[PDB]
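Single-structure report; data block below.
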Amino acid sequence: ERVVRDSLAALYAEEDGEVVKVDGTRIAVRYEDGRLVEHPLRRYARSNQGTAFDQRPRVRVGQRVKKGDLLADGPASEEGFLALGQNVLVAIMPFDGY
Amino acid sequence: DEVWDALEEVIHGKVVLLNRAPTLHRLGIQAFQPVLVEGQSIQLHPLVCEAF
Amino acid sequence: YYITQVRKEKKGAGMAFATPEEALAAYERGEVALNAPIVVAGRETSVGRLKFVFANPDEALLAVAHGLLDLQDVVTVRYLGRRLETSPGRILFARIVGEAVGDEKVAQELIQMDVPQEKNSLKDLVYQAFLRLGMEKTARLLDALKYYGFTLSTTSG
Amino acid sequence: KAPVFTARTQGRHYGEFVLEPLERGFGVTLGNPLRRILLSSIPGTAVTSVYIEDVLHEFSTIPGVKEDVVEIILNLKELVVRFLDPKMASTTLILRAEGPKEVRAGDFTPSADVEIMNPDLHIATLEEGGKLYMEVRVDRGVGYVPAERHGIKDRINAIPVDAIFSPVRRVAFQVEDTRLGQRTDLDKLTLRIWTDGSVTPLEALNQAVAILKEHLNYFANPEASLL
Amino acid sequence: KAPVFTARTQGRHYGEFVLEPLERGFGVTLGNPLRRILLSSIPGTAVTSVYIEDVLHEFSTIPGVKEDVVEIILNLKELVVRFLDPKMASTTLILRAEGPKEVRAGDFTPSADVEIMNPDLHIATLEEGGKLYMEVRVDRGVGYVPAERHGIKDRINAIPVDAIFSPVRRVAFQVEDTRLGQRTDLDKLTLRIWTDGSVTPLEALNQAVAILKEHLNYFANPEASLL
Amino acid sequence: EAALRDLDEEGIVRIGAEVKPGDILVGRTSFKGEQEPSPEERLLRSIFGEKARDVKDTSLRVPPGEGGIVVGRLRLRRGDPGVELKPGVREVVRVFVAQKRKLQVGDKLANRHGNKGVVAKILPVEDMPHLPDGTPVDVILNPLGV
Amino acid sequence: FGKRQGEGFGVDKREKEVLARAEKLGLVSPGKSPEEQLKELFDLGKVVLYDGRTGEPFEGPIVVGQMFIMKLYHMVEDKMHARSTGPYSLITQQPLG
Amino acid sequence: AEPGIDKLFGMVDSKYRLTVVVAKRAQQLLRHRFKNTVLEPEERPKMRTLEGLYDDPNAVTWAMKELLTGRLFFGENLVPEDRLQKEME
């Protein structure tokens, strides 16, 4: 969790507040101080190595979030946890030389 | 499929050289008869992996 | 190595019997294991060498296919004019080397059928096949050792 | 003897098929080839193309929609649609939706001779102001073919999707003991078939035996030779 | 498509059968089950009991003969006999000889309903001044049945014999990649069959595929319940 | 006309088109550098009734082995507000292409423990080793690498 | 295993064939029931596994489970290259991309 | 691939003289489009193909096949050089 936190690839709530809009391009939340902030989601941007930098929303409309609560997952993150691959069912055995 | 057959006929009997670096002895280069294969990878016989 | 290695079990810890009928009876009570070394009359043997006495390899490998036997069990089998005490796996290996080389006589000449096959004996086998048979026959043998090598490694899990 | 058949089905998705008794070694001799064509060669349906009104390509977002088009196509790959008309090979389905709702599979504009088998399947969440105007080409096929293969151009802005045609989700079989028999060591085969509902397990098992018996007839008139 | 089905034989004991080309997975789908049937279901005949004069045990010896009783049973387990009518379920063959003789299997007293396809098969070597009279059970069955399960008791001094009923000696198959234009990953099934000559490998194969499709027809009359 | 279908009005490829190696992404023409057409070139055109253009095709095509579908476009023209460009360059055009890459033979897999491997064989779910309940495994790893 | 009994299935004959050898080598304790021997394998991390090509089981128990596996980056120069004839450099006349 | 390769190494004192013989003979086969072959039609190497079994287009394969028949002679200064190709066309 902390790796994706300090990498600034995910998106988190600046303060306590409630989510009012959620779509693939933006997440708008109304915070305590009364401000309305919409957070643009970077979508299919190109990294130095050509990998897709893509953020995806992880909150629902009307969801009340605390400060530091996750709003959008960055690349290689699942609900705020580093997601560098897949969990696959493996069998440890030879197999016809392949 | 007409020209894949054509490529198969020019390949027949011919050999290509396969080289893995570093070439430490002469067996770092060996000649094989090519078999056309699906994918993007060269398929290397397992008994020659020691030499390479 | 897995098919040419031989089982040795603990249960029959050198138990002695006067007749093979007594040993086969003790095996049916579960007092002696199949390949546990035992003494019948004065000779050393095991239950499997008394229970399974095959006329030819095709009968021995047929029995293994029917689940009555594993390739690693030690058994009496008649192969190439003499009555051998060996495992079906060791017979299978000789069948593999023989049919790749073509002549099962000279195959039996350069195979060490009394030990598990390993890195060095296989390496020695390849060299002796190169000397006796030549390049292409040794290449066919290597492909055969490859095929049955992977196939049996997967089979045994 | 004469082996007894029984079939204990559950809805249109699960089916157990027992066979008793069999000679020692026929449980796997029958069950495994049955499992192999079942999992591989049962004809079925799947989405093969998708058009969304204001979407040019798969790497797009829809205003007022949480999921991107890649996710939507991911969800559409899970849509199972059975055909009632065997004369029908292909079709097209419409889906329009508005406002704050969770567009599920059953929200498609209904159509005769086709039936959604998993209407609770999620498609997309639309918030207030969100519009999703979509139509999906659905074809009949077999096996698995990725989008990268078939090229049709149904529409200029249509998006080909991966086609997972086979309606069979899982196959297992169990070889057990049976005392229903003359001797002691006979087999008891029990096929276990899971499907998506488009094709019942008994239909798939019947089609499997057909494909096997069809392929069995290939050992017929050989081209003889001898050394 | 429709594959070519070739056959390369050598006498009545060997057969090479290639089926090519075939859609992926089917070479294995056809291979193993046919292989399993060939080694376990094809019916044949086998020696099941022998009466030996002057001998009372399976581990003893016989004078006038260089071989012991164990070596005799081994040679009889290699004896292949053919029954001339299907109605015959068993028979008893007789052997009688004397003098310094090389006793082959063609030295059995000729029977009517039984042919010996091992005319020059070594059974025993008789020396100067030895006696050998012999009679042997021949039944028909399937597969491999040891003398341990069935202790047959129709004579007084008879010994049970391991019953190698199956006429198939050995089965080997493999699938390899064959190419058809664009694609290089299709199934080429090669089937290798050895028989004892009583039935040819080709006519052992058509029976295996006939036993298989017979077992597939059992999936027809279901007892539909549902839990 | 077919090789130009996905080119818009001004010669650069449209967003959403699928581009395979060799396809045109940005159309461009360059003056030939006036030289005599060869006598063989003259007779060739006389046979097919084609009058020689004074310009050659130097358009940006997609390199071999690369491709995908166009997702972005960008044009920077000299003499337009906000942008200054290299001397001698009239304008630059940038096209962004995206592709979905699923696992294939040759791709490199690894775990956090240093186990490395290249995918060598993609196998049908039917051939895969499976549990008694019919569940198949996803990946087979050789114990000899341990 | 409990869910499997609730569905009405005992220990498969192929599993008992594997359990026999796991006892021969000494991987399960002799005397225990089939379910107990399967449990002695399962907490060793090992399970009975069937070959999807034959229906027969692999002769020994086989440790399966979930493993975290990543797909690693693929540089541009690592992709499949192939030249017959192309550009050649100016001063040295050697092949040039 | 190359059957009888061990027998080919025996026909020559040096393995490299074999390569020269195979290569040079293969060059003559290409120059004359396999008309100058010494092989009978049933021992012509074939290529398994749909639409029939054509002749193997590999000249190195033919040269090795011909050399195994003994129907070729090889050696140094065996015949004048210019008179060779002048009289072979």
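Chains as they are written, first to last, in the entry's author numbering: chain H, 585 to 682; chain Z, 685 to 736; chain Y, 790 to 946; chain B, 7 to 233; chain P, 7 to 233; chain V, 731 to 876; chain U, 926 to 1022; chain G, 2 to 90. Built from N, CA and C at the ideal position, the CB exists for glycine as well.
* Cα separation between B:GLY105 and B:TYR139? -> Position 99 of the fourth sequence, counted from the first residue, corresponds to residue 105 of chain B. Position 133 of the fourth sequence, counted from the first residue, corresponds to residue 139 of chain B. Answer to the nearest angstrom: the Cα atoms are 12 Å apart.
* How should B:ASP202 be labelled, buried or exposed, when 16 other C-beta atoms within 10 angstroms of its C-beta is the threshold for buried? -> Position 196 of the fourth sequence, counting from 1, holds the residue named residue 202 of chain B. Label assigned to B:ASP202: buried.
* Asked: Which first and last residues belong to the beta strand (DSSP E) in which P:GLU26 is found?
  -> Within the fifth sequence, residue 26 of chain P is the residue found at index 20, counting from 1. Segment 20-28, the beta strand (DSSP E) holding P:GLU26.
* Does DSSP classify V:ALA747 as helix, strand or coil? -> As a working mapping, residue 747 of chain V is identified with position 17 in the sixth sequence. Looking at V:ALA747 - three-state DSSP - the assignment turns out to be coil, as it is neither helix nor strand.
* Asked: Who are the neighbours of U:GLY985 on chain Y, taking C-beta pairs under 8 Å?
  -> For the purposes of this step, residue 985 of chain U is identified with residue 60 of the seventh sequence, where counting begins at 1. Chain Y residues near U:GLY985: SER945 and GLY946.
* To do: Have a look at P:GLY70, P:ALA230, P:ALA216 and P:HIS221 and flag the residue whose alpha-carbon is nearest the alpha-carbon of P:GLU133.
  => Against the fifth sequence, residue 133 of chain P aligns to sequence position 127. Of P:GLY70, P:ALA230, P:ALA216 and P:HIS221, the residue nearest in Cα terms is P:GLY70.
* So P:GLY17 packs on P:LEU208, CB below 8 Å; how close in whole Å? -> If you number the fifth sequence from 1, residue 17 of chain P lands on position 11. If you number the fifth sequence from 1, residue 208 of chain P lands on position 202. P:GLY17 to P:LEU208, Cβ: 11 Å. No contact.
* To do: Quick one: residues in its chain with C-beta nearer than 7 Å to the C-beta of P:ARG30, no 5 flanking neighbours on either side, listed in chain order?
  => One-based indexing of the fifth sequence puts residue 30 of chain P at position 24. Here the set comprises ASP191, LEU192 and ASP193.
* Give the straight-line distance between the Cα atoms of P:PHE11 and G:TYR55, rounded to the nearest whole angstrom. => As a working mapping, residue 11 of chain P is identified with position 5 in the fifth sequence. As a working mapping, residue 55 of chain G is identified with position 54 in the eighth sequence. Each residue's Cα considered, the two are about 22 Å apart.
* In angstroms with no decimal places, state the Cα-to-Cα distance between B:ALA52 and B:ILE100. => Counted from its first residue, the fourth sequence places residue 52 of chain B at position 46. Counted from its first residue, the fourth sequence places residue 100 of chain B at position 94. Just so you know, the alpha carbons of B:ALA52 and B:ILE100 end up roughly 15 Å apart.
* To do: Name the residue from Z:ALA715, Z:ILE695, Z:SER725 and Z:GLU693 whose alpha carbon lies nearest to the alpha carbon of V:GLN834.
  => Within the sixth sequence, the letter at position 104 stands for residue 834 of chain V. Nearest neighbour of V:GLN834 by Cα position, chosen from Z:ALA715, Z:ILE695, Z:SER725 and Z:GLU693, turns out to be Z:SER725.
* Using a Cβ-Cβ distance under 8 Å, would B:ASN163 count as near chain V? -> Along the fourth sequence, one-based indexing puts residue 163 of chain B at 157. Yes, B:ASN163 lies at the interface with chain V (some Cβ there is under 8 Å from its Cβ).
* Asked: So with Cβ pairs under 8 Å, would you call Y:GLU833 a contact of chain G?
  -> Counting from one through the third sequence, the residue named residue 833 of chain Y turns up at place 44. Any Cβ of chain G closer than 8 Å to the Cβ of Y:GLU833 would place that residue at the interface, and such an atom is absent.
* Would P:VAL167 pass as a contact of P:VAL120 if the rule is Cβ separation under 8 Å? -> The residue you call residue 167 of chain P lines up with position 161 of the fifth sequence. The residue you call residue 120 of chain P lines up with position 114 of the fifth sequence. Taking 8 Å as the cut-off, the Cβ atoms of P:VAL167 and P:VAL120 do not count as close.
* Sub-8 Å separation of U:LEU997 and V:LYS816 beta-carbons -> Taking the seventh sequence and counting its residues from 1, one reaches residue 997 of chain U at position 72. Taking the sixth sequence and counting its residues from 1, one reaches residue 816 of chain V at position 86. Against a cut-off of 8 Å, the Cβ pair of V:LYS816 and U:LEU997 comes out as no contact.
* Asked: Would you say G:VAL23 and G:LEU68 are within 8 Å of each other, going by their C-beta atoms?
  -> In the eighth sequence, the residue the question calls residue 23 of chain G occupies position 22. In the eighth sequence, the residue the question calls residue 68 of chain G occupies position 67. The Cβ-Cβ distance between G:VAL23 and G:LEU68 falls below 8 Å.
* Asked: Apart from the five residues on each side of it in sequence, which residues of its chain come closer than 6 Å, Cβ to Cβ, to G:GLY76?
  -> Against the eighth sequence, residue 76 of chain G aligns to sequence position 75. The answer is none, since no qualifying residue turns up.
* In the stretch 92-123 of chain B, which residue ranges form an unbroken beta strand (DSSP E) of at least 3 residues, counting only runs that do not cross its ends? -> Complete beta strand (DSSP E) runs here, min 3: 96-103, 107-110 and 120-122.
* **Exposed unless 16 or more other CB atoms sit within 10 angstroms - verdict on Y:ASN824** => By 1-based counting over the third sequence, the position of residue 824 of chain Y is 35. Taking every protein chain shown into account, the CB of Y:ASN824 has 16 or more other CB atoms within 10 angstroms, so this residue is buried.
* Do we get a CB-CB distance below 8 Å when we pair P:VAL177 with the residues of chain U? -> Mapped onto the fifth sequence, residue 177 of chain P falls at position 171. With 8 Å as the cut-off, P:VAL177 does not count as an interface residue toward chain U.
* Asked: Taking DSSP as the reference, what is the three-state secondary structure of Z:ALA690?
  -> Counting from one through the second sequence, the residue named residue 690 of chain Z turns up at place 6. In the structure shown, Z:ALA690 sits in a helix (DSSP, three-state: H, G or I).
* Does DSSP put H:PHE679 in a helix, in a strand, or in coil? -> Here residue 679 of chain H corresponds to residue number 95 of the first sequence, with the count starting at 1. Three-state result, H:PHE679: coil.
* Considering only C-alpha positions, which residue in the set U:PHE934, U:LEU963, U:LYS1004 and U:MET1000 is nearest to U:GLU948? -> The sequence position of residue 948 of chain U within the seventh sequence is 23, counting from 1. Ranking U:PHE934, U:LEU963, U:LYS1004 and U:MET1000 by Cα distance to U:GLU948 puts U:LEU963 first.
* To do: Closer than 8 Å by beta-carbon distance: list the chain Z residues that pair up with G:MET48, in chain order.
  => Locating residue 48 of chain G in the eighth sequence gives position 47, where the first residue counts as 1. Per Cβ cutoff of 8 Å: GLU693 and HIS696.
* Count the C-beta pairs between the stretch 765-772 of chain V and the stretch 789-803 of chain V that are closer than 8 Å, then say yes if the count reaches three, no if not. => Contact annotation: the stretch 765-772 of chain V does not touch the stretch 789-803 of chain V, with fewer than three C-beta pairs closer than 8 Å.
* For chain G, find out if any of its Cβ atoms is closer than 8 Å to the Cβ of Z:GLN717; answer yes or no. => Taking the first residue of the second sequence as position 1, residue 717 of chain Z is located at position 33. So yes, Z:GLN717 belongs to the interface.
* Could you give the DSSP three-state label for G:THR50: helix, strand or coil? => As a working note, residue 50 of chain G is residue 49 in the eighth sequence. Reduced to three states, the DSSP call for G:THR50 is coil.
* **chain B contact residues for P:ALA95, given Cβ-Cβ distances below 9 Å** => Here residue 95 of chain P corresponds to residue number 89 of the fifth sequence, with the count starting at 1. Near P:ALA95 there are no residues of chain B at all, since even the closest Cβ is about 16 Å away, more than 9 Å.
* To do: With a cut-off of 8 Å on the beta carbons, I'd call residue 788 of chain Y and Y:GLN906 a contact; round off their distance for me.
  => In the structure displayed, chain Y extends from 790 to 946; residue 788 of chain Y sits before or after that span and is not available.
* **CA-to-CA distance, V:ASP753 to V:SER760, given in whole angstroms** => Residue numbering aside, residue 760 of chain V sits at position 30 when the sixth sequence is read from its first letter. Residue numbering aside, residue 753 of chain V sits at position 23 when the sixth sequence is read from its first letter. Cα atoms of V:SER760 and V:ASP753: separation of roughly 18 Å, rounded to the nearest angstrom.
* **C-alpha distance - H:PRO624 paired with H:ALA636, whole-angstrom precision** => As a first step, residue 624 of chain H is located in the first sequence; it is residue number 40 there, counting from the start. As a first step, residue 636 of chain H is located in the first sequence; it is residue number 52 there, counting from the start. Approximately 16 Å, taken between the alpha carbons.
* Taking C-alpha atoms, which residue in B:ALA95, B:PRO125 and B:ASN212 lies nearest to B:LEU40? -> As a working note, residue 40 of chain B is residue 34 in the fourth sequence. It is B:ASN212.
* To do: Report the option in B:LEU222, B:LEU186 and B:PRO173 whose CA atom is closest to the CA atom of P:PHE32.
  => Numbered from 1 along the fifth sequence, position 26 holds the residue referred to as residue 32 of chain P. Looking at B:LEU222, B:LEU186 and B:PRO173, the one whose alpha-carbon comes closest to that of P:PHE32 is B:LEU222.
* Since P:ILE79 and P:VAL56 are thought to touch, with beta carbons under 8 Å apart, how far apart are those beta carbons, to the nearest angstrom? -> Taking the first residue of the fifth sequence as 1, we reach residue 79 of chain P at position 73. Taking the first residue of the fifth sequence as 1, we reach residue 56 of chain P at position 50. Between P:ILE79 and P:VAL56 a beta carbon distance of about 7 Å is seen, short of the 8 Å cut, so the two are scored as contacting.
* Asked: So with Cβ pairs under 8 Å, would you call Z:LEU728 a contact of chain Y?
  -> On the second sequence, residue 728 of chain Z is found 44 positions in, with the first residue counted as 1. Proximity of Z:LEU728 to chain Y, defined by a Cβ-Cβ separation below 8 Å, is not satisfied.
* Asked: From the DSSP output, which residues share a beta bridge with Y:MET804?
  -> Within the third sequence, numbered from 1, the residue matching residue 804 of chain Y stands at position 15. Listed as beta-bridge partners of Y:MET804 by DSSP are no residues whatsoever.
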